[PDB]
Amino acid sequence: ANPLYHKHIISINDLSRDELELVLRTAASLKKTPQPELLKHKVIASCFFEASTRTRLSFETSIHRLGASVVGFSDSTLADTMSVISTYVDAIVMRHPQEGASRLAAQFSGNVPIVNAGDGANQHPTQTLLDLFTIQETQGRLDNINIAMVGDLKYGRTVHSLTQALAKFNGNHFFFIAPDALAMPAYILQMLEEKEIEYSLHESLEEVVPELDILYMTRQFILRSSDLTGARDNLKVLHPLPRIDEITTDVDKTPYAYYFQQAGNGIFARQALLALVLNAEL
Amino acid sequence: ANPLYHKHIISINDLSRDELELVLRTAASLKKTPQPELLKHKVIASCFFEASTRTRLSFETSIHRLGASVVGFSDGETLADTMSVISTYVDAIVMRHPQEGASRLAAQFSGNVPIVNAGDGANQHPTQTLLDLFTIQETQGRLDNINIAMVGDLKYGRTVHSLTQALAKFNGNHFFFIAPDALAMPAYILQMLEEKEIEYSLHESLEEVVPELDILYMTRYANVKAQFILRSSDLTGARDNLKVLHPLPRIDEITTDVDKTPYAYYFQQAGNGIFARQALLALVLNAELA
Amino acid sequence: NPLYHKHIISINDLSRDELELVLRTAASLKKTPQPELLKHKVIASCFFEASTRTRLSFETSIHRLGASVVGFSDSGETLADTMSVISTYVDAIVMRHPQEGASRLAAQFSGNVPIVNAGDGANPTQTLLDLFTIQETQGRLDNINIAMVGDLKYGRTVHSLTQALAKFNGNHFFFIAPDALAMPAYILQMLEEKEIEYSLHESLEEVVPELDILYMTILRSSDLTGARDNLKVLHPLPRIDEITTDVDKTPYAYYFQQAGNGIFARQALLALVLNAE
């Protein structure tokens, strides 16, 4: 069996480097050549105790694209609830407001795997996976990358996980651009230091745009098209979404915008995971 | 190569008479011979930004009847941005929004992922008009030479206006407008009818014209309800072919005793939404349709 | 088949023969699934009142037969007009509504589209799941010794299951409930008229050795010390304190399997309603 078979996917950290690369190869394959019947006859529950239209739609589309059916709730004793649901369905995609809830479901779901679509505000494994997949797709690699992370690096959910994931690769250089009150926390700088991974701090984008392979904008530090003069041809601008004012609309039609394509990649990342946890061979 | 392939469907007034007849011929064909695998392997987003259960269920049913999957929501970020993301996911988008205009939204997207307007901020609801048209055509055999009355609020319901505009692309139609003064069909509609030399007349009551009607279209205050409600007694002296239509819901405009008459066709009309909406989805997503 | 295009308003309206057909069908679908039986069918799931467990079970059942689902999970136009419209869209309607008699009202306006009642007002298809489970495990629905424990007064679950089992032969009911929560006199009257044996008790041990089935609605594993080998403990759920978690460990534990059996019992109902054979 592939190593993820009937494995609960709760945290991105619970995947080894080998496991990430597997998911990513699988996602690339599915994007290139769809398998509309891979999960035929499977029924997957979409349990969004917490509403999250964007993530739910992505997961449901992923499930349908693999030929499986979806039953669920789009908004709201868990132990027993999951002990019952798990008697009906082949997998459970869960989103819940309290961190630890997905793991709890997992303690009771038996051989039915739980795929976490978000557990509290920080743990979002498929967001990290789609971020990684997008960097891989656009740059051809996850090593030797110049990546900037801009905005709120203190309460930025997706950005801590992303940094930790990329830190497992070789030769990356992180450029952290944030207000002092919202700097990337110390424990993250600490691990980068201990892994001998290069990072640098800058007051703004202007000065480092020429160096970047990826500009990751978090939810003055607003990005506008004018700021992208001198960019590398391979530069991609990412944002986990939604954006409000941090990326002006004029960026959208430059060759560097890739936030919508990045969201679109969520389908492949999520299909790959569903495929791997439900099919022993692949 | 069909003219609606990879085209957004936003306002019914954007379709020519030829395009309207294509949609209707396609709807009639799907009513007679379903094609449950036509959109096999397609995923269609059902994006309802306000609850609109009847219209949403009709669209989702239509999608399934063609063999496609449905993803959606049945009830901040710009709408453009929401659709930019969803457009990367799905093959087509059904969109209902109580505030935003479907026209502005659609102008920003190519029709490679067609957007079908299920009702927007400007009150454009093209598939309501299509199903009304299909219902007149299938019960009367034609969309020309129809005597049609529109009764109730003719000022503020856009769907009665769009139906009038669409019917005015055909010949020999006679419109009977029955409304209180405060709710008169607008002058912008009457001027168009005169320009085209389309006959219309105003009446204070339904009872004056029932005998000559082919279609009685009832629209969706104490005085107004009081004297414009339709009862089965009102239908004595009617043509055999008369059909009573209503976009729904009817609360008080049509008494339940009309439901058993041979003329009641508002539920069948609603059922015709399935074929009109299937036809549209079929046409925007398939170049060739045989 | 006798349930073809019939409305299923009440499991209690079904005869012994019809119950047995639903149960044979259920057993057949559990053993050998028919994932395309209802291919190209569209079924409405109209949950006016939310009931997540029941709705998910019905929707899963629908997808397991290859049919599509449209509907709503919760939610002035008459119910009559709403159903007059929905019945023009779909092939069958599963509905749950807070008004007593809603599904029967709906059935008056749905033409030839069958209505399956998932619960009107004071509510249940739970009785089918219960029957199927007893049959599956006990190999029969006749000569069964069954104990119902808890609140027998307001427990419409036990009422409908008692009514259902009373359609079978030689069943023996052991009613265990607080004095004030007694199985109502009108139910006992029905058993007495049918010459169906029942007995009243104050406690659950002391009867365990005689049971084929123990139906809960205060148990512990210690209580089933001298249980019969074929015994099964059942509970419709959602449980709270009635059954302890150490009973989940026991080998007579069958409430989750019972719950999982909803899929087959509900698929069976829908298959029979929508297919001649």
# chains A, B, ... in the order shown; residues from 1 in each chain; ligands from 1

call {"tool": "closest_atom_pairs", "arguments": {"of": "region 133-194 of chain A", "to": "region 117-125 of chain A", "cutoff": "10 Å", "atoms": "only C-alpha atoms", "output": "tab-separated table"}}
result
residue	atom	partner	partner_atom	distance
A:155	CA	A:122	CA	8.7
A:156	CA	A:122	CA	8.1
A:157	CA	A:122	CA	4.6
A:158	CA	A:122	CA	6.7
A:159	CA	A:122	CA	9.3
A:160	CA	A:122	CA	8.5
A:161	CA	A:123	CA	8.0
A:162	CA	A:125	CA	9.6

call {"tool": "residues_around", "arguments": {"residues": "region 34-45 of chain C", "least_positions_apart": "3", "cutoff": "10 Å", "atoms": "only C-alpha atoms", "output": "VMD selection string"}}
result
(chain A and resid 40 to 41) or (chain B and resid 35 to 37 57 60 to 62 64 to 67) or (chain C and resid 28 to 31 48 55 to 56 58 to 59 61 to 73 86 to 87 89 to 96 113 to 116 118 267 270 to 271 274 to 275)

call {"tool": "interface_residues", "arguments": {"of": "chain A", "to": "chain B", "cutoff": "7 Å", "atoms": "only C-alpha atoms", "output": "VMD selection string"}}
result
chain A and resid 57 60 to 61 64 242 to 244 260 to 261 263 to 264

call {"tool": "write_last_selection", "arguments": {"atoms": "N, CA, C and O atoms", "output": "mmCIF file, in the first residue's frame"}}
result
data_model
loop_
_atom_site.group_PDB
_atom_site.id
_atom_site.type_symbol
_atom_site.label_atom_id
_atom_site.label_comp_id
_atom_site.auth_asym_id
_atom_site.auth_seq_id
_atom_site.Cartn_x
_atom_site.Cartn_y
_atom_site.Cartn_z
ATOM 1 N N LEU A 57 -16.075 24.104 -1.496
ATOM 2 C CA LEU A 57 -16.266 23.970 -2.942
ATOM 3 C C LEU A 57 -15.099 23.265 -3.613
ATOM 4 O O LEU A 57 -15.292 22.383 -4.468
ATOM 5 N N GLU A 60 -15.241 19.541 -2.626
ATOM 6 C CA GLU A 60 -16.324 18.846 -3.297
ATOM 7 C C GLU A 60 -16.070 18.676 -4.784
ATOM 8 O O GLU A 60 -16.319 17.616 -5.322
ATOM 9 N N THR A 61 -15.518 19.698 -5.425
ATOM 10 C CA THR A 61 -15.160 19.583 -6.824
ATOM 11 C C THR A 61 -14.139 18.451 -7.001
ATOM 12 O O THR A 61 -14.312 17.633 -7.907
ATOM 13 N N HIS A 64 -15.869 15.097 -6.798
ATOM 14 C CA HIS A 64 -16.587 14.790 -8.004
ATOM 15 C C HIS A 64 -15.671 14.490 -9.178
ATOM 16 O O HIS A 64 -15.962 13.622 -10.003
ATOM 17 N N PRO A 242 -8.850 35.195 0.898
ATOM 18 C CA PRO A 242 -9.130 36.265 -0.024
ATOM 19 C C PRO A 242 -8.197 37.427 0.157
ATOM 20 O O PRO A 242 -7.623 37.604 1.221
ATOM 21 N N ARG A 243 -8.045 38.215 -0.886
ATOM 22 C CA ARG A 243 -7.330 39.465 -0.764
ATOM 23 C C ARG A 243 -8.396 40.549 -0.706
ATOM 24 O O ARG A 243 -9.549 40.376 -1.180
ATOM 25 N N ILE A 244 -8.044 41.630 -0.031
ATOM 26 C CA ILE A 244 -8.881 42.785 0.034
ATOM 27 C C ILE A 244 -8.019 43.861 -0.605
ATOM 28 O O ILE A 244 -8.013 43.996 -1.817
ATOM 29 N N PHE A 260 -4.968 33.122 -8.406
ATOM 30 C CA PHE A 260 -6.153 32.393 -8.837
ATOM 31 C C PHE A 260 -5.739 30.991 -9.323
ATOM 32 O O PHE A 260 -6.384 30.021 -8.981
ATOM 33 N N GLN A 261 -4.667 30.889 -10.109
ATOM 34 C CA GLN A 261 -4.162 29.571 -10.551
ATOM 35 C C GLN A 261 -3.764 28.720 -9.328
ATOM 36 O O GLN A 261 -3.993 27.510 -9.318
ATOM 37 N N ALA A 263 -5.108 28.901 -6.365
ATOM 38 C CA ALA A 263 -6.339 28.380 -5.777
ATOM 39 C C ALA A 263 -6.826 27.200 -6.590
ATOM 40 O O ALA A 263 -7.276 26.180 -6.037
ATOM 41 N N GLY A 264 -6.795 27.346 -7.895
ATOM 42 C CA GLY A 264 -7.149 26.270 -8.812
ATOM 43 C C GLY A 264 -6.345 24.995 -8.588
ATOM 44 O O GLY A 264 -6.855 23.875 -8.807
#

call {"tool": "select_by_dssp", "arguments": {"residues": "region 18-267 of chain A", "states": "strand (DSSP E)", "output": "PyMOL selection string"}}
result
chain A and resi 43-48+69-73+91-96+114-119+146-150+173-177+198-201+214-217+236-238

call {"tool": "select_by_dssp", "arguments": {"residues": "region 38-218 of chain A", "states": "helix (DSSP H, G or I)", "output": "count of residues only"}}
result
75

call {"tool": "atom_distance", "arguments": {"atom1": "CA of residue 129 (chain C)", "atom2": "CA of residue 179 (chain C)"}}
result
28.4 Å

call {"tool": "residues_around", "arguments": {"residues": "residue 123 (chain C)", "least_positions_apart": "3", "cutoff": "10 Å", "atoms": "only C-alpha atoms", "output": "list in words"}}
result
residues 10, 96, 97, 98, 99, 100, 101, 117, 118, 119, 120, 126, 156 and 157 of chain C

call {"tool": "write_last_selection", "arguments": {"atoms": "C-alpha atoms", "output": "JSON list (two decimals), in the first residue's frame"}}
result
[["chain", "number", "residue", "atom", "x", "y", "z"],
["C", 10, "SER", "CA", -45.69, 5.32, 7.99],
["C", 96, "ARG", "CA", -38.83, 15.74, 6.94],
["C", 97, "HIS", "CA", -41.10, 18.51, 8.20],
["C", 98, "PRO", "CA", -42.09, 19.84, 11.61],
["C", 99, "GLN", "CA", -45.87, 19.70, 10.91],
["C", 100, "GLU", "CA", -47.65, 16.43, 11.83],
["C", 101, "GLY", "CA", -49.18, 15.03, 8.62],
["C", 117, "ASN", "CA", -41.55, 10.32, 5.08],
["C", 118, "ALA", "CA", -38.29, 10.79, 7.00],
["C", 119, "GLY", "CA", -40.29, 12.27, 9.95],
["C", 120, "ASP", "CA", -43.43, 14.52, 10.23],
["C", 126, "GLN", "CA", -35.68, 3.96, 12.58],
["C", 156, "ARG", "CA", -42.20, 6.77, 20.06],
["C", 157, "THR", "CA", -39.28, 4.64, 18.87]]

call {"tool": "residues_around", "arguments": {"residues": "residue 250 (chain A)", "least_positions_apart": "4", "cutoff": "8 Å", "atoms": "only C-alpha atoms", "output": "list in words"}}
result
residues 224, 225 and 254 of chain A

call {"tool": "closest_atom_pairs", "arguments": {"of": "chain A", "to": "chain C", "cutoff": "8 Å", "atoms": "only C-alpha atoms", "output": "Markdown table"}}
result
| residue | atom | partner | partner_atom | distance |
| --- | --- | --- | --- | --- |
| A:41 | CA | C:35 | CA | 7.1 |
| A:43 | CA | C:60 | CA | 7.0 |
| A:69 | CA | C:63 | CA | 6.7 |
| A:71 | CA | C:56 | CA | 6.3 |
| A:72 | CA | C:56 | CA | 6.8 |
| A:73 | CA | C:73 | CA | 7.6 |
| A:80 | CA | C:238 | CA | 7.6 |
| A:83 | CA | C:256 | CA | 7.3 |
| A:84 | CA | C:256 | CA | 6.2 |
| A:85 | CA | C:53 | CA | 7.7 |
| A:87 | CA | C:260 | CA | 5.0 |
| A:88 | CA | C:260 | CA | 5.8 |
| A:89 | CA | C:60 | CA | 7.6 |

call {"tool": "write_last_selection", "arguments": {"atoms": "C-alpha atoms", "output": "PDB file, in the first residue's frame"}}
result
ATOM      1  CA  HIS A  41     -18.556   4.178  -5.891  1.00  0.00           C
ATOM      2  CA  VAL A  43     -19.049   8.349  -0.784  1.00  0.00           C
ATOM      3  CA  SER A  69     -20.221  11.246  -4.323  1.00  0.00           C
ATOM      4  CA  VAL A  71     -22.825  13.997   1.398  1.00  0.00           C
ATOM      5  CA  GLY A  72     -22.415  16.649   4.028  1.00  0.00           C
ATOM      6  CA  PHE A  73     -23.340  19.855   5.811  1.00  0.00           C
ATOM      7  CA  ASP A  80     -20.502   9.334  18.774  1.00  0.00           C
ATOM      8  CA  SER A  83     -18.679   6.850  15.307  1.00  0.00           C
ATOM      9  CA  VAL A  84     -22.005   6.857  13.329  1.00  0.00           C
ATOM     10  CA  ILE A  85     -20.984   8.817  10.185  1.00  0.00           C
ATOM     11  CA  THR A  87     -20.311   3.565   9.537  1.00  0.00           C
ATOM     12  CA  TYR A  88     -21.813   5.088   6.326  1.00  0.00           C
ATOM     13  CA  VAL A  89     -18.994   6.852   4.407  1.00  0.00           C
TER      14      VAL A  89
END

call {"tool": "residues_around", "arguments": {"residues": "residue 194 (chain C)", "least_positions_apart": "3", "cutoff": "10 Å", "atoms": "only C-alpha atoms", "output": "list in words"}}
result
residues 166, 167, 169, 188, 189, 190, 191 and 197 of chain C

call {"tool": "write_last_selection", "arguments": {"atoms": "C-alpha atoms", "output": "CSV table (one decimal), in the first residue's frame"}}
result
chain,number,residue,atom,x,y,z
C,166,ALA,CA,-46.6,-7.4,17.2
C,167,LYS,CA,-47.2,-8.2,13.6
C,169,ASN,CA,-45.6,-14.5,15.8
C,188,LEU,CA,-50.6,-3.1,26.0
C,189,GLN,CA,-54.3,-3.3,25.0
C,190,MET,CA,-53.1,-4.0,21.4
C,191,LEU,CA,-50.7,-6.8,22.6
C,197,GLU,CA,-47.0,-12.1,25.6

call {"tool": "residues_around", "arguments": {"residues": "residue 4 (chain C)", "least_positions_apart": "6", "cutoff": "6 Å", "atoms": "only C-alpha atoms", "output": "ChimeraX atom specification"}}
result
/C:272-274,276

call {"tool": "closest_residue", "arguments": {"among": "C:247, C:170, C:88, C:236", "to": "residue 219 (chain C)", "atoms": "only C-alpha atoms"}}
result
C:247

call {"tool": "atom_distance", "arguments": {"atom1": "CA of residue 19 (chain A)", "atom2": "CA of residue 112 (chain A)"}}
result
19.8 Å

call {"tool": "residues_around", "arguments": {"residues": "region 201-208 of chain B", "least_positions_apart": "3", "cutoff": "9 Å", "atoms": "only C-alpha atoms", "output": "short mmCIF file (atom, residue, chain, number, x, y, z; two decimals) with N, CA, C and O atoms, in the first residue's frame"}}
result
data_model
loop_
_atom_site.label_atom_id
_atom_site.label_comp_id
_atom_site.auth_asym_id
_atom_site.auth_seq_id
_atom_site.Cartn_x
_atom_site.Cartn_y
_atom_site.Cartn_z
N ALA B 149 -52.62 38.50 -21.75
CA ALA B 149 -52.86 39.48 -20.73
C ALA B 149 -51.80 39.33 -19.63
O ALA B 149 -51.42 38.24 -19.27
N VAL B 151 -51.39 40.76 -15.81
CA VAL B 151 -52.25 41.28 -14.79
C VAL B 151 -51.53 41.43 -13.43
O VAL B 151 -50.80 40.52 -12.98
N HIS B 174 -50.84 40.47 -29.30
CA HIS B 174 -51.71 41.53 -28.76
C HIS B 174 -51.58 41.41 -27.25
O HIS B 174 -51.89 40.36 -26.69
N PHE B 175 -51.08 42.48 -26.62
CA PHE B 175 -50.91 42.53 -25.18
C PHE B 175 -52.06 43.26 -24.54
O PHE B 175 -52.47 44.32 -25.03
N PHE B 176 -52.59 42.66 -23.48
CA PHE B 176 -53.66 43.23 -22.71
C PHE B 176 -53.05 43.52 -21.33
O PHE B 176 -52.69 42.61 -20.57
N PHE B 177 -52.91 44.80 -21.01
CA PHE B 177 -52.30 45.20 -19.73
C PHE B 177 -53.37 45.61 -18.75
O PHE B 177 -54.18 46.56 -19.00
N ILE B 178 -53.41 44.88 -17.64
CA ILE B 178 -54.43 45.08 -16.63
C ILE B 178 -53.74 45.38 -15.31
O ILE B 178 -53.21 44.47 -14.65
N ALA B 179 -53.67 46.66 -14.97
CA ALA B 179 -52.99 47.11 -13.76
C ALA B 179 -53.59 48.39 -13.20
O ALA B 179 -54.18 49.17 -13.93
N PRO B 180 -53.42 48.62 -11.89
CA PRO B 180 -53.85 49.87 -11.35
C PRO B 180 -52.95 50.95 -11.91
O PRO B 180 -51.83 50.66 -12.37
N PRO B 211 -62.47 36.34 -22.52
CA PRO B 211 -62.91 35.49 -23.67
C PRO B 211 -61.93 35.44 -24.84
O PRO B 211 -61.94 34.47 -25.57
N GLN B 227 -59.07 43.66 -5.84
CA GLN B 227 -59.72 43.59 -7.14
C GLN B 227 -58.99 42.94 -8.30
O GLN B 227 -59.54 42.91 -9.41
N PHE B 228 -57.77 42.45 -8.10
CA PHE B 228 -57.05 41.80 -9.21
C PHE B 228 -56.78 40.30 -8.96
O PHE B 228 -56.05 39.69 -9.72
N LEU B 230 -57.38 36.40 -9.11
CA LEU B 230 -58.09 35.53 -10.07
C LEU B 230 -58.78 34.35 -9.35
O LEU B 230 -58.17 33.67 -8.53
N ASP B 234 -63.96 33.66 -12.66
CA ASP B 234 -63.47 34.61 -13.63
C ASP B 234 -63.18 33.97 -14.96
O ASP B 234 -63.04 34.67 -15.96
N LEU B 235 -63.11 32.64 -14.99
CA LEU B 235 -62.67 31.94 -16.19
C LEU B 235 -63.79 31.35 -16.98
O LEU B 235 -63.57 30.54 -17.88
#

call {"tool": "atom_distance", "arguments": {"atom1": "CA of residue 149 (chain C)", "atom2": "CA of residue 223 (chain C)"}}
result
12.9 Å

call {"tool": "closest_residue", "arguments": {"among": "B:34, B:114, B:262, B:249", "to": "chain C", "atoms": "only C-alpha atoms"}}
result
B:249

call {"tool": "decode", "arguments": {"residues": "region 265-276 of chain C", "atoms": "N, CA, C and O atoms", "output": "mmCIF file, in the first residue's frame"}}
result
data_model
loop_
_atom_site.group_PDB
_atom_site.id
_atom_site.type_symbol
_atom_site.label_atom_id
_atom_site.label_comp_id
_atom_site.auth_asym_id
_atom_site.auth_seq_id
_atom_site.Cartn_x
_atom_site.Cartn_y
_atom_site.Cartn_z
ATOM 1 N N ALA C 265 -31.456 -0.480 4.864
ATOM 2 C CA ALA C 265 -32.879 -0.376 5.074
ATOM 3 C C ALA C 265 -33.459 0.772 4.261
ATOM 4 O O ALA C 265 -34.491 0.606 3.605
ATOM 5 N N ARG C 266 -32.770 1.901 4.205
ATOM 6 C CA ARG C 266 -33.261 2.999 3.424
ATOM 7 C C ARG C 266 -33.074 2.814 1.895
ATOM 8 O O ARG C 266 -33.958 3.205 1.144
ATOM 9 N N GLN C 267 -31.951 2.232 1.443
ATOM 10 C CA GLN C 267 -31.796 1.891 0.018
ATOM 11 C C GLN C 267 -32.925 0.967 -0.414
ATOM 12 O O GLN C 267 -33.489 1.127 -1.484
ATOM 13 N N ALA C 268 -33.212 -0.019 0.412
ATOM 14 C CA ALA C 268 -34.247 -1.005 0.094
ATOM 15 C C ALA C 268 -35.587 -0.310 -0.150
ATOM 16 O O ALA C 268 -36.286 -0.584 -1.130
ATOM 17 N N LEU C 269 -35.937 0.609 0.747
ATOM 18 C CA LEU C 269 -37.187 1.370 0.625
ATOM 19 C C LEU C 269 -37.237 2.114 -0.689
ATOM 20 O O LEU C 269 -38.202 2.021 -1.420
ATOM 21 N N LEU C 270 -36.187 2.863 -1.001
ATOM 22 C CA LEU C 270 -36.137 3.644 -2.220
ATOM 23 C C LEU C 270 -36.130 2.788 -3.505
ATOM 24 O O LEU C 270 -36.704 3.182 -4.539
ATOM 25 N N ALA C 271 -35.414 1.668 -3.448
ATOM 26 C CA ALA C 271 -35.342 0.752 -4.603
ATOM 27 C C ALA C 271 -36.746 0.201 -4.887
ATOM 28 O O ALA C 271 -37.214 0.233 -6.007
ATOM 29 N N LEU C 272 -37.414 -0.280 -3.858
ATOM 30 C CA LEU C 272 -38.754 -0.853 -4.003
ATOM 31 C C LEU C 272 -39.776 0.164 -4.498
ATOM 32 O O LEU C 272 -40.644 -0.153 -5.320
ATOM 33 N N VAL C 273 -39.641 1.409 -4.052
ATOM 34 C CA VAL C 273 -40.578 2.453 -4.455
ATOM 35 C C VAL C 273 -40.385 2.889 -5.897
ATOM 36 O O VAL C 273 -41.329 3.260 -6.586
ATOM 37 N N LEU C 274 -39.155 2.831 -6.362
ATOM 38 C CA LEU C 274 -38.849 3.293 -7.679
ATOM 39 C C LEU C 274 -38.681 2.206 -8.761
ATOM 40 O O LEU C 274 -38.643 2.543 -9.951
ATOM 41 N N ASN C 275 -38.562 0.928 -8.379
ATOM 42 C CA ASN C 275 -38.431 -0.159 -9.386
ATOM 43 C C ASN C 275 -39.521 -1.190 -9.273
ATOM 44 O O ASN C 275 -39.779 -1.687 -8.186
ATOM 45 N N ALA C 276 -40.140 -1.532 -10.398
ATOM 46 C CA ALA C 276 -41.156 -2.589 -10.412
ATOM 47 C C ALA C 276 -40.556 -3.902 -9.853
ATOM 48 O O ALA C 276 -41.173 -4.531 -9.002
#
